[PDB]
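Chemist: pasting the sequence and an experimental structure:
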Amino acid sequence: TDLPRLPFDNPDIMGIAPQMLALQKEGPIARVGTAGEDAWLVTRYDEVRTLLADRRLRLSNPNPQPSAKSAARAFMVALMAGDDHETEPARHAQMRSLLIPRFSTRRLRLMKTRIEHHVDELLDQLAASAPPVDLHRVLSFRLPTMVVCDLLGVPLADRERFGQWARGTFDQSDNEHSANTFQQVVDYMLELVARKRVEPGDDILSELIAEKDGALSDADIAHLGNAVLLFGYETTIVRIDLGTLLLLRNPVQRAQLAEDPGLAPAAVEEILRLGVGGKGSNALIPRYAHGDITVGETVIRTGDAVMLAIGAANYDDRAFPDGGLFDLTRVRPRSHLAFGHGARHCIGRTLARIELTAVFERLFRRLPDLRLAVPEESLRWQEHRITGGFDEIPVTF
Ligand code: HEM
Ligand SMILES: CC1=C[C@@]23[C@H](C=C(C(=O)O)[C@@H]2COC(=O)[C@]32CO2)[C@@H]1C
C-alpha cells in the first residue's frame, strides 16, 4: 500500500504518466496525495465526463477553513468567479452570459479570415529565415497573441507588453511574482476600459461597455477582459507547440495532412485529444464536492477535492480505441474532453479551433521539411506554470 502522489513522473515529454495509466486500468477513481490536500482522482472518460456535468461538483471550495493555495491558482479561480462559493452561482452565470455572445458567428467569421492571412504572413517570414529558428517564438506565440489584440481592439505591438503575463500570473512557484504580474494586467485592463468608454470599436470591451445599457461597473468589465487576456492565448500557444510535436512524431499522418489540408479539422481534434505535456498537471480540472456523490463504489463526500483527469480520459481505450495512437481517420471520434464539459465548458473553444485549424492547414504544406533542430529530450515542459508549456521549439526546415 503506497498512496500515489501527484504529480506523477513522465519519462516522455508528452503523453500520460505511467502511474496515471496504471490507476486508470485499475478503476475509474483513486485517492491520491497532491502538493496540498489529498484528492479523488478520476481517470476514465465516462466518469470524468459525467462528473464534469454534475452540478454537485463545483470550482468553488465550500469548506469552512479553505486551504491556502498559490497566488497563481487564487487568481485563476478568482477570474473564473470561483473564489466565493456563496456568490459563484449568480456570478458565474453572469460571466458566461456576458462572454458567450462576444464569440458570435459574425465575429468568428471575420476573425477566421484575418487569422488565415496572418498565418500565411507568419510562415512566409519563417520560410525566409535561416535555421535554426525558434518556432515557438515566431509562430506558436505570435498567432494567438495577435488574436487577443483583435478581441480587445489594441495594436498588435501591445502583445509585446502582455505576452508573458499569463505565464507570470500563473507561476505557482513565486507568489510575489504572480501578484506583481497580475497587478500589471489589472492596470493595463483598467486603462483600456477607460479608453474604450470614449473611443469604442469593434471589439469585446466596447460591446461590454454597451451591455446592460452600461450597468456593468468598469471593474466588472475589466474582470471579464482579464479573463480574455489571461485565458485567451497561452493555452492556444501550447496547443500549437504540442500539435507540431505530435505531427513530427507521426509522419504518415503528417504527409496525409500536407497533401490534403481538408484533414486539418480532424488533425486538430487529434492534437487536442493527445496534446498533453510533461507531467500533465494542466490536464487536471479541479473541483470540490458541494454534495455527496457516488462514483463507482467510491463515496465522494461534501467538501472533498476532486481531480478530473481530462488528459487521462482523452487517452482512455474505453472511449478511443488505441487511445495513445494519433489517427486522422478516427470514425466519429467521441468528443474529447480537452475543452472541458458541463457548466464551465470552454467559451473560446471555437476560436481556438479556428486558430489551430488555420495553422495546421498550412504549416507542413508551406514547410514540408520542417523538423526539430534539437532532440526531443532537450525540450523542457514548465511544470511550475499552471498552463505548463514549452519555452522554445528549435526547428530547421
Ligand atoms: C486550445 C486552447 C484552449 C484550451 C485547451 C482550453 C481549455 C479550457 C478548459 C479545459 C476549460 C474548463 C476549465 C474548468 O472546467 O475548470 C476552459 C475554460 C475557459 N476557457 Fe478555454 N481553452 C482554450 C482556449 C481558450 C480561448 C482562445 C479562450 C478565450 C478567448 C478561452 C476562454 C476560456 C474561459 C473564459 C473559460 C472559463 C469557462 C468557465 O469557467 O465558465 N479558452 N478552457
Ligand atoms: C481557465 C483554465 C484552466 C485550465 C483550463 C485549461 C488549462 C490548460 O490547458 O493549461 C488551464 C490549466 O489549469 C486548469 O485548472 C485548467 C484545466 O482546467 C482553462 C484554460
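Modeler: Good, I have the coordinates. Numbers count the residues shown, from 1 in each chain. Ligands and ions are numbered 1, 2, ... in the order given.

Chemist: tell me the contacts of the closest residue to ligand 1 within the stretch 201-350 of the chain?
Modeler: Closest residue of the stretch 201-350 of the chain to ligand 1, Cβ to the nearest ligand atom: residue 348 (2.1 Å). For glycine as for every other residue, the C-beta is placed from the backbone atoms N, C-alpha and C. Going by Cβ atoms under 8 Å, 6 or more residues apart in numbering, residue 348 touches 103, 228, 231-232.

Chemist: mind running it again at 6 Å?
Modeler: By Cβ atoms under 6 Å, 6 or more residues apart in numbering, the contact set of residue 348 is empty.

Chemist: repeat that for residue 81.
Modeler: 88, 91-92, 95.

Chemist: what about the helices in the stretch 151-300 of the chain?
Modeler: 158-162, 165-169, 175-196, 204-210, 218-231, 234-249, 251-259, 264-274 (DSSP state H, counting those that start in this stretch).

Chemist: same list (those) but as a markdown table, adding distance to ligand 1 and mean neighbour count.
Modeler: A markdown table is the format used below for the helices of the stretch 151-300 of the chain (distance: least, Cβ to the nearest ligand atom, whole Å; neighbours: other Cβ atoms under 10 Å):
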| stretch | distance to ligand 1 | mean neighbour count |
| --- | --- | --- |
| helix 158-162 | 13 | 16 |
| helix 165-169 | 11 | 23 |
| helix 175-196 | 14 | 17 |
| helix 204-210 | 9 | 20 |
| helix 218-231 | 4 | 22 |
| helix 234-249 | 4 | 22 |
| helix 251-259 | 18 | 16 |
| helix 264-274 | 6 | 22 |
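
Chemist: just to revisit the earlier point, phi first, then psi, for the residue of the stretch 201-350 of the chain closest to ligand 1.
Modeler: Dihedral angles of residue 348 (phi, psi; degrees, to the nearest 10) stand at phi -90, psi 20.

Chemist: one more: residue 31?
Modeler: phi -80, psi 130.

Chemist: for residue 146, give me its contacts.
Modeler: residue 118.

Chemist: would you verify that it is located in a strand?
Modeler: No: counting by DSSP: H, G, I helix; E, B strand; the rest coil, residue 146 is not found in a strand; it is helix.

Chemist: which residue sits closest to residue 129, ignoring its sequence neighbours?
Modeler: residue 138 (7.4 Å; Cβ to Cβ, 6 or more residues apart in numbering).

Chemist: ramachandran angles for the one you found?
Modeler: phi -100, psi -10.

Chemist: how many neighbours does it have?
Modeler: 16 (other Cβ atoms under 10 Å).

Chemist: can you tell me how far it sits from residue 153?
Modeler: According to Cβ to Cβ, to the nearest Å, residue 138 and residue 153 sit 24 Å apart.

Chemist: burial measure for residue 119, as a count.
Modeler: Neighbours around residue 119, by other Cβ under 10 Å: 23.

Chemist: I'd say it and residue 360 touch.
Modeler: No: counting by Cβ atoms under 6 Å, residue 119 stays clear of residue 360, with 9.6 Å between them.

Chemist: now the residue in the stretch 51-200 of the chain that ligand 1 sits nearest to: how far from residue 106?
Modeler: Closest to ligand 1 within the stretch 51-200 of the chain is residue 80: 4.3 Å, counting by Cβ to the nearest ligand atom. Distance, residue 80 to residue 106, using Cβ to Cβ: 27 Å.

Chemist: closest point of the stretch 101-250 of the chain to ligand 2, which residue?
Modeler: For the stretch 101-250 of the chain, Cβ to the nearest ligand atom, closest residue to ligand 2: residue 235, 4.3 Å.

Chemist: and the spatially closest residue to that residue that is not a sequence neighbour, what is it in contact with?
Modeler: Nearest residue to residue 235, sequence neighbours excluded (Cβ to Cβ, 6+ apart): residue 387, at 5.9 Å. Contacts were defined as Cβ under 6 Å, 6+ apart; by that measure residue 387 touches 170, 234-235, 282.

Chemist: closest to residue 200 out of the residues you listed?
Modeler: Comparing the contacts of residue 387 against residue 200 with Cβ to Cβ places residue 234 closest, at 26.7 Å.

Chemist: what about residue 337, distance to residue 308?
Modeler: Taken as Cβ to Cβ, the span from residue 337 to residue 308 is 8 Å.

Chemist: sticking with the residue nearest to residue 139 when sequence neighbours are not counted, tell me its helix or strand.
Modeler: Nearest-residue entry for residue 139: residue 122, 5.4 Å, with adjacent residues in sequence omitted and distances by Cβ to Cβ, 6+ apart. Under the criterion of DSSP states H and E, residue 122 resides in helix 105-128.

Chemist: residues in contact with that helix?
Modeler: 138-139, 142, 146, 350, 354-355, 358-359, 362, 366.

Chemist: returning to that earlier point: next one: the residue nearest to residue 235 relative to ligand 1, how far apart?
Modeler: Distance check for residue 387 against ligand 1: by Cβ to the nearest ligand atom, to the nearest Å, it reads 9 Å.

Chemist: with that, I have no additional questions.
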